[PDB]
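Asks: Sharing a structure below in structure tokens format, with a few things to ask.
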Amino acid sequence: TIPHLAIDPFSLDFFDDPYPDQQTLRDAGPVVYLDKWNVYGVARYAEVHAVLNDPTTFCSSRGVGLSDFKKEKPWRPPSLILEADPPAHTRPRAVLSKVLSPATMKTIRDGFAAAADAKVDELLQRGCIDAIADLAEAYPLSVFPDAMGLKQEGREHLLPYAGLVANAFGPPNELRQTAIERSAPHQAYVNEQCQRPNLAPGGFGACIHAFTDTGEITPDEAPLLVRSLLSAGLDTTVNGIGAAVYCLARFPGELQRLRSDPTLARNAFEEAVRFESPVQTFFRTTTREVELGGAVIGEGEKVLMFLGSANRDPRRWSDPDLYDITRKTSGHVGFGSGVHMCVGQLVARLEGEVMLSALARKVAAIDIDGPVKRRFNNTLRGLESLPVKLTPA
Ligand code: HEM
Ligand SMILES: CCc1ccc(C(=O)O)cc1
Ligand SMILES: [Cl-]
């Protein structure tokens, strides 16, 4: 009753161009079995949304990667929030939602907006830049480690650790193997920065430790929650800003609408998160036998959610393959949906908005003028190099 496909969603061929296979995954049926990794897959919007909004049946405490924590030991101690179900998830989640609250965004908006405007002006002096290294990476690296309260020493480990975390969500293919092997220096730096004496007062990390006074988390939970911000709060914003720049470089008409109305900067970033979906996939594990799309999935089964495919499903989105900055983007699952929906979404939107705002007010054109290279990661979709020429406004 369930179609069996041999497509490998974690293959280099797939990462290179996933859209044809994603339609094959969608049109084969609302639920598919992937023989390559012995998992269930859902690729349409309706099933991804339902699975994401049924945490009692599709749990996250047995891992959000392929590995089943009930079966194998995790490569690192489980995340107290991402790899937790309610009610264990609730109080650590409330702490991160307060640390990264709308009220906190007021304290960092001027610094983030200034750094964004300064970087675009700096890049306009050089003309021909790499939108990844010199823009997508340089800007988050210039605001987020300081907002965490991180010291200067050892920041070179932040991006390699983030790519390791994202790779480790995938199957035991070469990409995961080479990430985990000899990863101990990346882990030691991160785990050391998660301790209270290494976080500047007033930063996200110190503010987390400050919530141990409240009884929401214990002092020994706070470092793990700091690790969560250091695993997810940098690499994804990089790919997201690079995607937006990629779109504005591929859709020059949408760049011109953004110039004529910079207040579209925030929704233009949101649409870039739908269009490229930097977090492509996540896993759930069935708590019980469950009917999904006419298929009976047993207990203890891994279910793979194609977030990116759900954001391009023509059953839900009109013209899904077009970048449209005025599109009503609410309901896209680029940040998740439900109880685990990205608790850091306000930081990513803020970083994205002020960058696209900076581009909207200072740049006339963005033309690709060099070899484009894709970056391969079992979870993330993003570019290795995006050579563009910026024309000043
Ligand atoms: C373009 C940027 C980002 C994207 C596309 C993204 C994507 C996601 C997605 C899809 C989830 C759902 C995980 C699941 O349901 O299993 C998630 C959760 C999470 N994200 Fe983000 N993220 C982004 C940026 C950030 C930032 C900036 C932070 C922190 C500053 C962050 C921290 C987290 C955390 C801690 C969780 C776990 C929430 C929970 O389990 O309740 N992410 N993210
Ligand atoms: C969405 C990517 C992500 C990765 C790791 C964590 C965590 O460490 O809790 C949270 C989110
Ligand atoms: Cl670690």
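Ordering of the structure tokens sets the chain letters (A, B, ...); residue numbers start at 1 within each chain; ligands are numbered from 1 in the order shown.
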Please check which protein, DNA or RNA residues sit within 8 Å of ligand 2, counting only C-alpha atoms and all ligand atoms, and write them as a PyMOL selection string.
Replies: chain A and resi 78-83+162+165-166+224-225+227-233+236+279+335+342
Asks: Neighbours of segment 149-160 of chain A within 12 Å (only C-alpha atoms; same-chain residues fewer than 4 positions away dropped), as number ranges by chain?
Replies: A: 133, 137-138, 140-145, 164-167, 178-180, 182-208, 226-227, 229-239, 377
Asks: Based on the selection just made, write C-alpha atoms of those residues as an mmCIF file, in the first residue's frame.
Replies:
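So part11.cif came out as:
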data_model
loop_
_atom_site.group_PDB
_atom_site.id
_atom_site.type_symbol
_atom_site.label_atom_id
_atom_site.label_comp_id
_atom_site.auth_asym_id
_atom_site.auth_seq_id
_atom_site.Cartn_x
_atom_site.Cartn_y
_atom_site.Cartn_z
ATOM 1 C CA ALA A 133 32.384 34.135 3.210
ATOM 2 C CA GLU A 137 29.134 34.285 7.185
ATOM 3 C CA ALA A 138 30.915 37.518 8.094
ATOM 4 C CA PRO A 140 26.356 36.683 11.698
ATOM 5 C CA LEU A 141 29.885 36.006 12.964
ATOM 6 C CA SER A 142 30.182 39.743 13.764
ATOM 7 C CA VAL A 143 26.983 39.991 15.860
ATOM 8 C CA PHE A 144 25.944 36.586 17.229
ATOM 9 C CA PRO A 145 29.062 35.478 19.186
ATOM 10 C CA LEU A 164 29.048 18.679 12.726
ATOM 11 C CA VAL A 165 25.767 18.849 14.664
ATOM 12 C CA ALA A 166 23.757 19.148 11.447
ATOM 13 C CA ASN A 167 25.652 16.331 9.720
ATOM 14 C CA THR A 178 34.066 12.351 8.712
ATOM 15 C CA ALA A 179 32.248 14.955 10.835
ATOM 16 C CA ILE A 180 32.177 12.859 14.020
ATOM 17 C CA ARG A 182 38.211 13.639 15.496
ATOM 18 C CA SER A 183 35.421 16.058 16.478
ATOM 19 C CA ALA A 184 36.606 16.184 20.104
ATOM 20 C CA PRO A 185 38.416 19.564 19.764
ATOM 21 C CA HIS A 186 35.187 21.143 18.466
ATOM 22 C CA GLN A 187 33.195 19.589 21.325
ATOM 23 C CA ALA A 188 35.690 20.582 24.044
ATOM 24 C CA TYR A 189 35.662 24.262 23.025
ATOM 25 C CA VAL A 190 31.852 24.422 22.915
ATOM 26 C CA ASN A 191 31.328 22.551 26.192
ATOM 27 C CA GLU A 192 33.882 24.836 27.886
ATOM 28 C CA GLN A 193 32.157 27.984 26.609
ATOM 29 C CA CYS A 194 28.846 26.647 27.990
ATOM 30 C CA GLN A 195 30.095 27.014 31.565
ATOM 31 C CA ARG A 196 28.939 30.110 33.435
ATOM 32 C CA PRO A 197 32.374 31.746 34.085
ATOM 33 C CA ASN A 198 33.035 31.885 30.309
ATOM 34 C CA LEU A 199 29.948 33.956 29.381
ATOM 35 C CA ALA A 200 29.851 37.738 29.556
ATOM 36 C CA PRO A 201 27.116 39.194 31.795
ATOM 37 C CA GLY A 202 24.244 40.579 29.758
ATOM 38 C CA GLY A 203 24.679 37.975 27.000
ATOM 39 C CA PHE A 204 22.335 35.163 25.967
ATOM 40 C CA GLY A 205 24.500 32.606 27.767
ATOM 41 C CA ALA A 206 24.724 34.433 31.086
ATOM 42 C CA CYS A 207 20.998 35.154 30.904
ATOM 43 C CA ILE A 208 20.374 31.401 30.637
ATOM 44 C CA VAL A 226 23.749 27.193 26.125
ATOM 45 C CA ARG A 227 24.972 24.399 23.833
ATOM 46 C CA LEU A 229 22.068 28.150 21.161
ATOM 47 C CA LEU A 230 25.629 27.386 20.024
ATOM 48 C CA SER A 231 24.482 24.449 17.876
ATOM 49 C CA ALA A 232 21.614 26.168 16.049
ATOM 50 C CA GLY A 233 21.996 29.936 16.231
ATOM 51 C CA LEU A 234 24.769 30.501 13.687
ATOM 52 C CA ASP A 235 25.030 28.029 10.818
ATOM 53 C CA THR A 236 21.351 28.288 9.881
ATOM 54 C CA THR A 237 21.306 32.100 9.790
ATOM 55 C CA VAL A 238 24.343 31.924 7.485
ATOM 56 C CA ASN A 239 22.568 29.697 4.952
ATOM 57 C CA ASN A 377 25.420 18.773 4.544
#
Asks: Could you pull out all residues of segment 173-222 of chain A with a DSSP call of alpha helix (DSSP H) and give them as a list in words?
Replies: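 Listing alpha helix (DSSP H) positions across segment 173-222 of chain A yields residues 174, 175, 176, 177, 178, 179, 180, 184, 185, 186, 187, 188, 189, 190, 191, 192, 193, 204, 205, 206, 207, 208, 209, 210 and 222 of chain A.
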Asks: Might you pull out every residue within 10 Å of residue 355 of chain A, with only C-alpha atoms counted and same-chain residues fewer than 6 positions away left off, and present them as a list in words?
Replies: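 Contacts, with the query itself left out: residues 112, 113, 114, 115, 116, 117, 118, 119, 120, 135, 136, 139, 140, 241, 244, 245, 265, 266, 269 and 349 of chain A.
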Asks: When DSSP works through the backbone of this structure, what residues of segment 4-183 of chain A end up as strand (DSSP E), shown as a PyMOL selection string?
Replies: chain A and resi 4-5+32-34+39-42+58-59+128-130
Asks: Atom 6 (C, counted along the ligand's line) of ligand 1 to atom CA of residue 172 of chain A: how many Å, to one decimal?
Replies: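 So the two atoms, atom 6 (C, counted along the ligand's line) of ligand 1 and atom CA of residue 172 of chain A, lie 22.9 Å apart.
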Asks: In Å to one decimal, how far is atom CA of residue 11 of chain A from atom CA of residue 373 of chain A?
Replies: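 Going from atom CA of residue 373 of chain A over to atom CA of residue 11 of chain A covers 16.4 Å.
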Asks: With distances taken over only C-alpha atoms and all ligand atoms, which residue among A:170, A:371, A:77, A:20 lies nearest ligand 3?
Replies: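 Closest residue, counting only C-alpha atoms and all ligand atoms: A:77.
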Asks: Report the distance between atom CA of residue 60 of chain A and atom 36 (C, counted along the ligand's line) of ligand 1 in Å, rounded to one decimal place.
Replies: 11.9 Å
Asks: Tell me which protein, DNA and RNA residues are within 9 Å of residue 332 of chain A, counting only C-alpha atoms, leaving out same-chain ones fewer than 5 positions away, and put them as a list in words.
Replies: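 Counting only the stated atoms, we get residues 45, 270, 271, 273, 274, 307, 310, 311 and 337 of chain A.
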Asks: Can I get the selected residues back with N, CA, C and O atoms, as a compact mmCIF listing (two decimals), in the first residue's frame?
Replies:
# COMPACT_ATOMS: atom_id res chain seq x y z
N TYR A 45 2.92 19.01 2.05
CA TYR A 45 2.75 19.97 3.13
C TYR A 45 1.82 19.44 4.21
O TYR A 45 2.11 19.58 5.41
N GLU A 270 11.75 35.99 5.14
CA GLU A 270 10.86 34.86 5.40
C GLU A 270 10.61 34.05 4.14
O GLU A 270 10.62 32.81 4.18
N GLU A 271 10.36 34.73 3.02
CA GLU A 271 10.18 34.03 1.75
C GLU A 271 11.44 33.31 1.32
O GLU A 271 11.37 32.23 0.72
N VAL A 273 13.45 31.98 3.44
CA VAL A 273 13.50 30.79 4.28
C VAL A 273 12.54 29.72 3.75
O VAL A 273 12.84 28.52 3.83
N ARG A 274 11.41 30.12 3.16
CA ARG A 274 10.55 29.13 2.52
C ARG A 274 11.20 28.59 1.25
O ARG A 274 11.24 27.37 1.03
N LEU A 307 11.02 19.08 5.11
CA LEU A 307 10.57 20.45 5.31
C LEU A 307 10.65 21.26 4.02
O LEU A 307 9.72 22.00 3.69
N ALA A 310 7.91 20.33 1.61
CA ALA A 310 6.62 20.84 2.07
C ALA A 310 6.46 22.33 1.76
O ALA A 310 5.33 22.81 1.61
N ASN A 311 7.56 23.08 1.69
CA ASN A 311 7.48 24.51 1.42
C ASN A 311 7.36 24.82 -0.07
O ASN A 311 7.18 25.99 -0.43
N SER A 337 7.02 23.79 13.23
CA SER A 337 5.64 24.11 13.55
C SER A 337 5.26 23.36 14.81
O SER A 337 5.66 22.20 15.00
Asks: Which of these residues is nearest to ligand 3, using only C-alpha atoms and all ligand atoms: A:29, A:223, A:92, A:215?
Replies: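 Of the candidates, the smallest distance to ligand 3 is held by A:223.
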